[PDB]
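Spelled out, the chains give:
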Amino acid sequence: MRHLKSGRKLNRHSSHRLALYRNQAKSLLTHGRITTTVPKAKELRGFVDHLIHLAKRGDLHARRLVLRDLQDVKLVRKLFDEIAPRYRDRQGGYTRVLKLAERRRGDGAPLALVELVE
Amino acid sequence: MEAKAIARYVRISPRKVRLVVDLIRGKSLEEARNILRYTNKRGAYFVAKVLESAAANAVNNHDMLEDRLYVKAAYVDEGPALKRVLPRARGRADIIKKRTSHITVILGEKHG
Amino acid sequence: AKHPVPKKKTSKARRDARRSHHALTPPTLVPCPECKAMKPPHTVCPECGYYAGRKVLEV
Amino acid sequence: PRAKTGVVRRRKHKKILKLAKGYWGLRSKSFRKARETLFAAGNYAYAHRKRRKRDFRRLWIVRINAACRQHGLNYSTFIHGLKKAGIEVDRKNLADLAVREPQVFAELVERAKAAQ
Amino acid sequence: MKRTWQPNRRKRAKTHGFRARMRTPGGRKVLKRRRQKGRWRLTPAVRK
RNA sequence: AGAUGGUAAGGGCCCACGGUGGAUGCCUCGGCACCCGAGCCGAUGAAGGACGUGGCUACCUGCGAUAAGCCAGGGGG
RNA sequence: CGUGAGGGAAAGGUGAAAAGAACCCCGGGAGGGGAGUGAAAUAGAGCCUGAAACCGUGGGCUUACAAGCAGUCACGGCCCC
RNA sequence: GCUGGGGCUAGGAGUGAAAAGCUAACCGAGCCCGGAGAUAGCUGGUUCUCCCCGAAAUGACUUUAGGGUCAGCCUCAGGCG
RNA sequence: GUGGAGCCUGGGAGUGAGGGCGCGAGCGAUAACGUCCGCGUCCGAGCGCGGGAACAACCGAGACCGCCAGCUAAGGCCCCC
RNA sequence: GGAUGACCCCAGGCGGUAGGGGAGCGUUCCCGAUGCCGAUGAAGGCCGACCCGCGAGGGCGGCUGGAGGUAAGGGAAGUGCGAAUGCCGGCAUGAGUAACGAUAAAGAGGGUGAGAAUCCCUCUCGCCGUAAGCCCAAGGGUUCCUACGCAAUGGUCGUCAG
Ligand SMILES: [Mg+2]
Ligand SMILES: [Mg+2]
Ligand SMILES: [Mg+2]
Ligand SMILES: [Mg+2]
Ligand SMILES: [Mg+2]
Ligand SMILES: [Mg+2]
Ligand SMILES: [Mg+2]
Ligand SMILES: [Mg+2]
Ligand SMILES: [Mg+2]
Ligand SMILES: [Mg+2]
Ligand SMILES: [Mg+2]
Ligand SMILES: [Mg+2]
Ligand SMILES: [Mg+2]
Ligand SMILES: [Mg+2]
Ligand SMILES: [Mg+2]
Ligand SMILES: [Mg+2]
Ligand SMILES: [Mg+2]
Ligand SMILES: [Mg+2]
Ligand SMILES: [Mg+2]
Ligand SMILES: [Mg+2]
Ligand SMILES: [Mg+2]
Ligand SMILES: [Mg+2]
Ligand SMILES: [Mg+2]
Ligand SMILES: [Mg+2]
Ligand SMILES: [Mg+2]
Ligand SMILES: [Mg+2]
Ligand SMILES: [Mg+2]
Ligand SMILES: [Mg+2]
Ligand SMILES: [Mg+2]
Ligand SMILES: [Mg+2]
Ligand SMILES: [Mg+2]
Ligand SMILES: [Mg+2]
Ligand SMILES: [Mg+2]
Ligand SMILES: [Mg+2]
Ligand SMILES: [Mg+2]
Ligand SMILES: [Mg+2]
Ligand SMILES: [Mg+2]
Ligand SMILES: [Mg+2]
Ligand SMILES: [Mg+2]
Ligand SMILES: [Mg+2]
Ligand SMILES: [Mg+2]
Ligand SMILES: [Mg+2]
Ligand SMILES: [Mg+2]
Ligand SMILES: [Mg+2]
Ligand SMILES: [Mg+2]
Ligand SMILES: [Mg+2]
Ligand SMILES: [Mg+2]
Ligand SMILES: [Mg+2]
Ligand SMILES: [Mg+2]
Ligand SMILES: [Mg+2]
Ligand SMILES: [Mg+2]
Ligand SMILES: [Mg+2]
Ligand SMILES: [Mg+2]
Ligand SMILES: [Mg+2]
Ligand SMILES: [Mg+2]
Ligand SMILES: [Mg+2]
Ligand SMILES: [Mg+2]
Ligand SMILES: [Mg+2]
Ligand SMILES: [Mg+2]
Ligand SMILES: [Mg+2]
Ligand SMILES: [Mg+2]
Ligand SMILES: [Mg+2]
Ligand SMILES: [Mg+2]
Ligand SMILES: [Mg+2]
Ligand SMILES: [Mg+2]
Ligand SMILES: [Mg+2]
Ligand SMILES: [Mg+2]
Ligand SMILES: [Mg+2]
Ligand SMILES: [Mg+2]
Ligand SMILES: [Mg+2]
Ligand SMILES: [Mg+2]
Ligand SMILES: [Mg+2]
Ligand SMILES: [Mg+2]
Ligand SMILES: [Mg+2]
Ligand SMILES: [Mg+2]
Ligand SMILES: [Mg+2]
Ligand SMILES: [Mg+2]
Ligand SMILES: [Mg+2]
Ligand SMILES: [Mg+2]
Ligand SMILES: [Mg+2]
Ligand SMILES: [Mg+2]
Ligand SMILES: [Mg+2]
Ligand SMILES: [Mg+2]
Ligand SMILES: [Mg+2]
Ligand SMILES: [Mg+2]
Ligand SMILES: [Mg+2]
Ligand SMILES: [Mg+2]
Ligand SMILES: [Mg+2]
Ligand SMILES: [Mg+2]
Ligand SMILES: [Mg+2]
Ligand SMILES: [Mg+2]
Ligand SMILES: [Mg+2]
Ligand SMILES: [Mg+2]
Ligand SMILES: [Mg+2]
Ligand SMILES: [Mg+2]
Ligand SMILES: [Mg+2]
Ligand SMILES: [Mg+2]
Ligand SMILES: [Mg+2]
Ligand SMILES: [Mg+2]
Ligand SMILES: [Mg+2]
Ligand SMILES: [Mg+2]
Ligand SMILES: [Mg+2]
Ligand SMILES: [Mg+2]
Ligand SMILES: [Mg+2]
Ligand SMILES: [Mg+2]
Ligand SMILES: [Mg+2]
Ligand SMILES: [Mg+2]
Ligand SMILES: [Mg+2]
Ligand SMILES: [Mg+2]
Ligand SMILES: [Mg+2]
Ligand SMILES: [Mg+2]
Ligand SMILES: [Mg+2]
Ligand SMILES: [Mg+2]
Ligand SMILES: [Mg+2]
Ligand SMILES: [Mg+2]
Ligand SMILES: [Mg+2]
Ligand SMILES: [Mg+2]
Ligand SMILES: [Mg+2]
Ligand SMILES: [Mg+2]
Ligand SMILES: [Mg+2]
Ligand SMILES: [Mg+2]
Ligand SMILES: [Mg+2]
Ligand SMILES: [Mg+2]
Ligand SMILES: [Mg+2]
Ligand SMILES: [Mg+2]
Ligand SMILES: [Mg+2]
Ligand SMILES: [Mg+2]
Ligand SMILES: [Mg+2]
Ligand SMILES: [Mg+2]
Ligand SMILES: [Mg+2]
Ligand SMILES: [Mg+2]
Ligand SMILES: [Mg+2]
Ligand SMILES: [Mg+2]
Ligand SMILES: [Mg+2]
Ligand SMILES: [Mg+2]
Ligand SMILES: [Mg+2]
Ligand SMILES: [Mg+2]
Ligand SMILES: [Mg+2]
Ligand SMILES: [Mg+2]
Ligand SMILES: [Mg+2]
Ligand SMILES: [Mg+2]
Ligand SMILES: [Mg+2]
Ligand SMILES: [Mg+2]
Ligand SMILES: [Mg+2]
Ligand SMILES: [Mg+2]
Ligand SMILES: [Mg+2]
Ligand SMILES: [Mg+2]
Ligand SMILES: [Mg+2]
Ligand SMILES: [Mg+2]
Ligand SMILES: [Mg+2]
Ligand SMILES: [Mg+2]
Ligand SMILES: [Mg+2]
Ligand SMILES: [Mg+2]
Ligand SMILES: [Mg+2]
Ligand SMILES: [Mg+2]
Ligand SMILES: [Mg+2]
Ligand SMILES: [Mg+2]
Ligand SMILES: [Mg+2]
Ligand SMILES: [Mg+2]
Ligand SMILES: [Mg+2]
Ligand SMILES: [Mg+2]
Ligand SMILES: [Mg+2]
Ligand SMILES: [Mg+2]
Ligand SMILES: [Mg+2]
Ligand SMILES: [Mg+2]
Ligand SMILES: [Mg+2]
Ligand SMILES: [Mg+2]
Ligand SMILES: [Mg+2]
Ligand SMILES: [Mg+2]
Ligand SMILES: [Mg+2]
Ligand SMILES: [Mg+2]
Ligand SMILES: [Mg+2]
Ligand SMILES: [Mg+2]
Ligand SMILES: [Mg+2]
Ligand SMILES: [Mg+2]
Ligand SMILES: [Mg+2]
Ligand SMILES: [Mg+2]
Ligand SMILES: [Mg+2]
Ligand SMILES: [Mg+2]
Ligand SMILES: [Mg+2]
Ligand SMILES: [Mg+2]
Ligand SMILES: [Mg+2]
Ligand SMILES: [Mg+2]
Ligand SMILES: [Mg+2]
Ligand SMILES: [Mg+2]
Ligand SMILES: [Mg+2]
Ligand SMILES: [Mg+2]
Ligand SMILES: [Mg+2]
Ligand SMILES: [Mg+2]
Ligand SMILES: [Mg+2]
Ligand SMILES: [Mg+2]
Ligand SMILES: [Mg+2]
Ligand SMILES: [Mg+2]
Ligand SMILES: [Mg+2]
Ligand SMILES: [Mg+2]
Ligand SMILES: [Mg+2]
Ligand SMILES: [Mg+2]
Ligand SMILES: [Mg+2]
Ligand SMILES: [Zn+2]
């Protein structure tokens, strides 16, 4: 069973799943908007929102924390200096998911876009 | 007056395409178009082409009006099968039948 | 195991009876309030790019 | 010279398959199964031609019996009276009378009671 | 595992070759039989 | 209280028309039998081959660096 | 196919004549719809004839309280002539 | 000790630290072709229709016993009556 | 006693695993859907028909074809029937 | 009965496996045939609720087909299939089922294109590293490089490719 269990598995072992989220985070923070499968998208929100919320803190601790997942100093500089500030007065919800209308041809996978909020 | 199009020797298995065809038989050209566009099946691609070709035939050759066309008749026939070898364990060789479809769409005019 | 096997050829009636549940359900579609085109609901319209009133996507 | 099968066998199968129209599944579509079904069918027809004669006589008797007990006697007593009376109207016509011409049947009953 | 066919150009020519067949009465009868049958190759083709 | 209908997810029988498949009839560039004719080739390098050979040439046929051919006689038109 | 000696298939037919379908239309193509050829094109090259198993579309009758080698005999209902 | 390359030994024969092991994925006697359509008192199979008749599963003998020869029982033709 | 009786001469067979039942015995255990003989019977080949709930050989009865006619056999006649 | 096989009348027989006998049907071929049927449509095919025959069958009619067929009477045989775990071929059932070949692993962005999870480029991630890198020899034989292609081969896709 699965009673009151939180978190998708996405058919990956523990370290692959982590990487998946970390890589999607790098891509989202880099381009502001990416397209994925709906399940990957819905799961990315929390992972990235937390990273953004820490950038909103600003301190050295937060920077080194975010650096654990994002791993890229320049990308984190962008996070703290350009991304984080526009969410100063926003209380969570820094990302949105909207579903596309067309499925992948090769496997019928339903797609969705994930973007940072205005 | 009717207009028809046939796609012969389409490399898809009849039992599969017919599922898609069944979705559009009897429907307006417009609804049939909308259905096929969001039918998550390989067959939707093929059935759509035959539909559109038949619509073209109706307008361009048979003096029928696009805004009145409906799918009067549609069916799939079995074409010749492509026989291929599938190697199995213990030196045994099976035969895969990569099957083939003859897709037919026949359009009529919905008067009134 | 000892290799189970069909004892009798399935009749045309019985094979087709099995498939009484095999018919496809047509796609559920709704008009897009902006361009009136037909598209699945709760998806961004692939024709004009609008959803929830605003332009979201370049078509 | 050589006398290959040619046309002959197809025609023979065609004869049988035609006789087997209406049968279920392969019994109407497969020669072998059609032929087997037809064997049974032929024996049934012969046997049931024989039983049809039984079937109806049995029905007539049931009906005559109902008509008799309306007049206060049973079939056995009725037929014996008719025998003593010498009325040789068979059970096919007796049943018809019982339904269509009750006055005539009522009369015949009286004759049967009297012959006793 | 190691299977039975282990190609060797030298071995092939020295065993089934034309010169090998002509050396032996039985091998000459092979060539006779194949020619009479009209074989396109009297002897296993091989590259040297 | 009583009674009796239309339902077809699908199935069955029949009819029509198709698809598949290639039987049947017709056909014959081939074969089979008998009869007759005819009957050896090779160091003057056979039988049988290899590789080549065409303005463009995969294969077959023909031919052999004179290479789908060279010379002469005969036939034929 | 076999190291080899050796084993050893399948596979014929448009039409009288290519007159083998210019050109246009849908399609990436394949395929088809018109146009055209022909006595004939379900003779269109996957080509004479085109049976059967097998698959499908349309129509008639029928079927969701019923017990079976599937028929047969009887009667009734519906459809057709 | 393992291993590459080059060699030699074979079918009642080879080779075998011996398992009747191995000798080209089945070896108490390899494979191919031939004798060859071996032989099989055994198993299977044996194709249109109608008409008349209609058995036996016993006896004797049999390296015979689930096979046969003779008799018995069936059928046809002619004759006797 | 004129019968698909009989005898004679020829042609062609098939059969040479029988089985149940009744009666008479042997064997067995006054066992076996047992075994082995004898007389008969039926099934075999009448798994065609009626009866015995169903059921080759128990009872009734030897099915050329047709009938929506009649009489019976065994067995039945309260309802299924 | 009449004169012999004409047909009628009367009577009786007519279950049947092994098997004996009789009479017929149809197939290929020959004489009949230098004939006759035949494009006003041969053979073959598909229908028929019609006619003849106990039956095997034979007619006739409509559709198909488009060049052959073949009588009365005889002759000769490669002469009739439902079974042989028969032979060859075609097509079904199981079934939209098992499976898609190492659990080293993927994600996004940008190109191309009718079409892209699968081709090209970039960034991120993972795997091998006495190898899963590199160089020879066997064997294989153009698979090498480039252009143009995607019907089939590729266990999906394909614009990519041995
Ligand atoms: Mg669990
Ligand atoms: Mg929860
Ligand atoms: Mg969960
Ligand atoms: Mg987690
Ligand atoms: Mg995934
Ligand atoms: Mg999984
Ligand atoms: Mg780990
Ligand atoms: Mg970690
Ligand atoms: Mg962008
Ligand atoms: Mg990290
Ligand atoms: Mg979606
Ligand atoms: Mg879609
Ligand atoms: Mg795909
Ligand atoms: Mg969707
Ligand atoms: Mg489909
Ligand atoms: Mg269907
Ligand atoms: Mg769908
Ligand atoms: Mg149009
Ligand atoms: Mg496998
Ligand atoms: Mg293998
Ligand atoms: Mg199969
Ligand atoms: Mg298959
Ligand atoms: Mg197919
Ligand atoms: Mg196990
Ligand atoms: Mg089955
Ligand atoms: Mg079955
Ligand atoms: Mg079946
Ligand atoms: Mg089944
Ligand atoms: Mg069906
Ligand atoms: Mg909206
Ligand atoms: Mg034959
Ligand atoms: Mg039938
Ligand atoms: Mg019926
Ligand atoms: Mg019968
Ligand atoms: Mg009768
Ligand atoms: Mg009667
Ligand atoms: Mg009676
Ligand atoms: Mg009486
Ligand atoms: Mg009476
Ligand atoms: Mg009345
Ligand atoms: Mg090992
Ligand atoms: Mg090793
Ligand atoms: Mg090999
Ligand atoms: Mg091999
Ligand atoms: Mg080696
Ligand atoms: Mg070498
Ligand atoms: Mg060597
Ligand atoms: Mg040599
Ligand atoms: Mg010599
Ligand atoms: Mg030799
Ligand atoms: Mg060869
Ligand atoms: Mg050659
Ligand atoms: Mg050789
Ligand atoms: Mg109702
Ligand atoms: Mg229905
Ligand atoms: Mg339905
Ligand atoms: Mg057809
Ligand atoms: Mg064909
Ligand atoms: Mg002929
Ligand atoms: Mg000749
Ligand atoms: Mg001489
Ligand atoms: Mg030469
Ligand atoms: Mg040449
Ligand atoms: Mg000259
Ligand atoms: Mg000259
Ligand atoms: Mg000259
Ligand atoms: Mg090989
Ligand atoms: Mg080879
Ligand atoms: Mg052909
Ligand atoms: Mg021609
Ligand atoms: Mg020609
Ligand atoms: Mg185009
Ligand atoms: Mg165009
Ligand atoms: Mg393309
Ligand atoms: Mg075209
Ligand atoms: Mg066309
Ligand atoms: Mg014309
Ligand atoms: Mg014309
Ligand atoms: Mg004409
Ligand atoms: Mg056309
Ligand atoms: Mg046609
Ligand atoms: Mg036609
Ligand atoms: Mg034609
Ligand atoms: Mg012709
Ligand atoms: Mg045709
Ligand atoms: Mg065809
Ligand atoms: Mg057909
Ligand atoms: Mg139907
Ligand atoms: Mg109830
Ligand atoms: Mg009911
Ligand atoms: Mg029922
Ligand atoms: Mg039953
Ligand atoms: Mg009934
Ligand atoms: Mg009745
Ligand atoms: Mg050494
Ligand atoms: Mg060595
Ligand atoms: Mg060596
Ligand atoms: Mg030996
Ligand atoms: Mg030997
Ligand atoms: Mg020895
Ligand atoms: Mg070998
Ligand atoms: Mg071995
Ligand atoms: Mg031996
Ligand atoms: Mg061996
Ligand atoms: Mg030999
Ligand atoms: Mg001999
Ligand atoms: Mg012997
Ligand atoms: Mg008798
Ligand atoms: Mg005896
Ligand atoms: Mg005895
Ligand atoms: Mg002795
Ligand atoms: Mg014995
Ligand atoms: Mg014996
Ligand atoms: Mg005898
Ligand atoms: Mg006599
Ligand atoms: Mg006498
Ligand atoms: Mg007498
Ligand atoms: Mg007698
Ligand atoms: Mg007698
Ligand atoms: Mg005698
Ligand atoms: Mg005798
Ligand atoms: Mg005889
Ligand atoms: Mg015997
Ligand atoms: Mg004996
Ligand atoms: Mg005995
Ligand atoms: Mg005995
Ligand atoms: Mg005895
Ligand atoms: Mg006896
Ligand atoms: Mg008994
Ligand atoms: Mg007693
Ligand atoms: Mg006693
Ligand atoms: Mg006893
Ligand atoms: Mg006893
Ligand atoms: Mg007895
Ligand atoms: Mg017997
Ligand atoms: Mg009995
Ligand atoms: Mg008897
Ligand atoms: Mg029984
Ligand atoms: Mg009984
Ligand atoms: Mg009984
Ligand atoms: Mg009575
Ligand atoms: Mg009584
Ligand atoms: Mg009583
Ligand atoms: Mg009663
Ligand atoms: Mg009589
Ligand atoms: Mg008689
Ligand atoms: Mg009798
Ligand atoms: Mg008889
Ligand atoms: Mg015949
Ligand atoms: Mg003559
Ligand atoms: Mg002549
Ligand atoms: Mg004429
Ligand atoms: Mg005509
Ligand atoms: Mg003929
Ligand atoms: Mg004929
Ligand atoms: Mg008839
Ligand atoms: Mg007829
Ligand atoms: Mg006719
Ligand atoms: Mg005709
Ligand atoms: Mg015509
Ligand atoms: Mg001619
Ligand atoms: Mg003969
Ligand atoms: Mg024969
Ligand atoms: Mg048979
Ligand atoms: Mg089997
Ligand atoms: Mg079996
Ligand atoms: Mg066999
Ligand atoms: Mg067979
Ligand atoms: Mg087969
Ligand atoms: Mg499923
Ligand atoms: Mg299953
Ligand atoms: Mg499953
Ligand atoms: Mg699966
Ligand atoms: Mg794989
Ligand atoms: Mg696999
Ligand atoms: Mg895998
Ligand atoms: Mg995996
Ligand atoms: Mg892209
Ligand atoms: Mg561009
Ligand atoms: Mg583009
Ligand atoms: Mg792709
Ligand atoms: Mg693609
Ligand atoms: Mg991509
Ligand atoms: Mg992959
Ligand atoms: Mg490692
Ligand atoms: Mg290292
Ligand atoms: Mg290591
Ligand atoms: Mg080399
Ligand atoms: Mg190779
Ligand atoms: Mg270049
Ligand atoms: Mg491809
Ligand atoms: Mg492709
Ligand atoms: Mg393609
Ligand atoms: Mg191409
Ligand atoms: Mg593919
Ligand atoms: Mg593969
Ligand atoms: Mg390229
Ligand atoms: Mg390459
Ligand atoms: Zn829209």
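Heads up: the structure comes first, above all this text.
Residues carry numbers counted from 1 along their chain as the sequence is written. These may differ from the entry numbering, and residues without coordinates are not shown. Starting at A for chains and at 1 for ligands, labels are handed out in the order in which the entities are written. In this entry, the chains presented are a subset of a larger assembly, and the associated values cover only that subset. Hydrogen atoms and water are omitted, and side-chain values are computed over all heavy atoms in the structure. Residues with missing side-chain atoms are left out of burial classes, side-chain pairs and their counts.

Trainee: Can you walk me through the pairing of strand β4 (residues 93–98) of chain B in this structure?
Mentor: Where a strand is regular, its side chains alternate between the two sheet faces. Residues and elements named next belong to chain B. The pairing criterion is simple: DSSP has to find at least two bridges between the two strands. Numbering of helices and strands runs from the N terminus, with a helix taken as a DSSP run of H or I at least four residues long and a strand as a DSSP run of E at least two residues long. Here six bridges tie strand β3 (residues 82–87) to β4, and the two strands are oriented antiparallel to one another. Each residue of the ladder has a partner; that of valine 85, found in β4, is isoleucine 95. In textbook terms, the turn of a hairpin is the stretch between consecutive antiparallel strands, and for β3 and β4 this stretch comprises five residues, one of which, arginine 90, has a positive phi near 55°.

Trainee: I would appreciate a short explanation of the nonpolar core in the present structure.
Mentor: It is characteristic of soluble globular proteins that their nonpolar side chains tend to be buried jointly. In terms of nonpolar packing, the biggest core is built from 32 residues, with A:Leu29, A:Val48, A:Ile52, A:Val66, A:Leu70, A:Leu79 and A:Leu116 touching the most fellow members. Of all the secondary-structure elements, those providing two or more residues to this core are α1 (14–31), α2 (38–57), α3 (60–70), α4 (73–83) and β3 (111–116) of chain A. The element best represented in this core is α2(A), accounting for nine residues. Those residues within four positions of A:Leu79 in sequence are excluded, and the remaining contacts are A:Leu29, A:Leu51, A:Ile52, A:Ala55, A:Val66, A:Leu70, A:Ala84 and A:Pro85. In this text, buried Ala, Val, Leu, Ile, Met, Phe, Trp, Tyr and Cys residues form a nonpolar core when linked through side-chain atoms within 4.5 Å. Residue exposure (1.4 Å probe, protein chains only): buried if accessible area is under 20% of the type maximum, exposed if over 50%, otherwise partly exposed. Among the nonpolar cores identified, the runner-up in size contains 29 residues, and B:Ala5, B:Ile12, B:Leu23 and B:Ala44 belong to it. In this description, contact between two residues means that some pair of their heavy atoms is separated by no more than 4.5 Å.

Trainee: Honestly, the side chain of A:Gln24 in this entry has me stumped. Any pointers?
Mentor: All names here are of chain A. Along the chain, the position of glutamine 24 falls in helix α1. A residue is classified by how much of its surface remains accessible, and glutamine 24, at 11% relative accessible area, is buried. Beyond its immediate sequence surroundings of up to four residues, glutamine 24 is in contact with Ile34, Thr36, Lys40 and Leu44.

Trainee: Where do I start with helix α3 (residues 25–37) of chain E in this structure?
Mentor: Residues lying three or four places apart along an α-helix face the same way, a consequence of the helix completing one turn every 3.6 residues. Compared with the 18 Å implied by 1.5 Å per residue over 13 residues, the 18 Å span of α3(E) between its first and last C-alpha is a close match. Residues of α3(E) that are buried sit in contact with α2 (18–22) of chain E. To estimate the expected span of a helix, subtract one from its residue number and multiply by 1.5 Å.

Trainee: Before we go on, may I ask you to explain the protein's contact with RNA strand F in this structure?
Mentor: By convention in these notes, a residue is near a molecule or strand provided one of its non-hydrogen atoms lies within 4 Å of it. Around RNA strand F, 22 residues are found, and the nearest of them are B:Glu78, C:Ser20, D:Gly22, D:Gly25 and D:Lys29. Near-protein atoms of RNA strand F (within 4 Å) split between backbone and bases, with sugar and phosphate holding 93%. In protein, a polar contact means a hydrogen-donor-capable atom and an acceptor-capable atom, both N or O and within 3.5 Å, with residues adjacent in sequence counting only if both atoms are side-chain atoms; elsewhere, any N or O pair within 3.5 Å suffices. D:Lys4 is positioned such that a nitrogen or oxygen atom in its side chain is 3.0 Å from a phosphate oxygen of RNA strand F. A distance of 3.3 Å is found between a sugar or linking oxygen of RNA strand F and a side-chain nitrogen or oxygen belonging to E:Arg35. Secondary structure elements with two or more residues in the surface near RNA strand F: β2 (69–78) of chain B, α1 (12–18) of chain C together with α2 (26–29) of chain D. By residue number, the principal contributor to the surface near RNA strand F is α1(C), which donates three residues. Grouping the amino acids of the surface near RNA strand F by side-chain chemistry returns seven nonpolar, seven polar and eight charged. Polar here means any residue outside two lists: the nonpolar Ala, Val, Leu, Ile, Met, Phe, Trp, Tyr, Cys and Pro, and the charged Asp, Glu, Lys and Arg; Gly therefore counts as polar.

Trainee: Could you clarify how one ought to interpret the interface of chain C and chain A in this entry?
Mentor: In many analyses, interface size is given as the accessible surface area lost on bringing the parts together. Listed per partner, the contact involves nine residues of chain C and 10 residues of chain A. Buried area, as used here, totals the accessible surface that two parts lose on assembly, with accessibility defined by a 1.4 Å probe and the loss added over both. Of the roughly 740 Å² buried between chain C and chain A, counting both surfaces, carbon and sulfur atoms make up 60%. Contact with chain A buries surface across chain C, with C:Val44, C:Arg54 and C:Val56 losing the most and accounting together for 47% of the total. At the junction of chain C with chain A, the criterion picks out two residue pairs in polar contact. In the side of chain C that touches chain A, the residues fall into six nonpolar, two polar and one charged.

Trainee: Please clarify how the environment of B:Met64 should be interpreted in this entry.
Mentor: All names here are of chain B. Along the polypeptide, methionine 64 turns up in the loop between α3 (42–62) and β2. When the C-alpha atoms of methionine 64 and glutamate 2 are compared, they prove to be 8.2 Å apart, with 62 residues separating the residues in sequence. Residues contacting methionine 64, with those up to four places away along its chain left out, are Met1, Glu2, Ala3, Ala58, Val59, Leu69, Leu107, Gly108 and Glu109.

Trainee: Please explain the sheet that holds β3(A) as it appears in this structure.
Mentor: Note on sheets: strands pair through backbone hydrogen bonds, and any given pair is parallel or antiparallel. Residue and element names in this part refer to chain A. Taken in spatial order, the three strands of this open sheet run β1-β3-β2, and their pairing is antiparallel. Sheet topology places β1 (33–37) and β2 (95–99) at the edges, where each strand pairs with a single neighbour. Direction aside, neighbouring strands of the sheet carry axes that sit 25° apart on average. Where β1 and β3 come together, five bridges link them in antiparallel fashion. In the sheet register, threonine 35 faces β3, and the bridge partner there is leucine 113. Only the stretch in contact is used when fitting a helix axis, every axis being a line fitted to C-alpha atoms; angles between N-to-C directions are given from 0 to 180 degrees.

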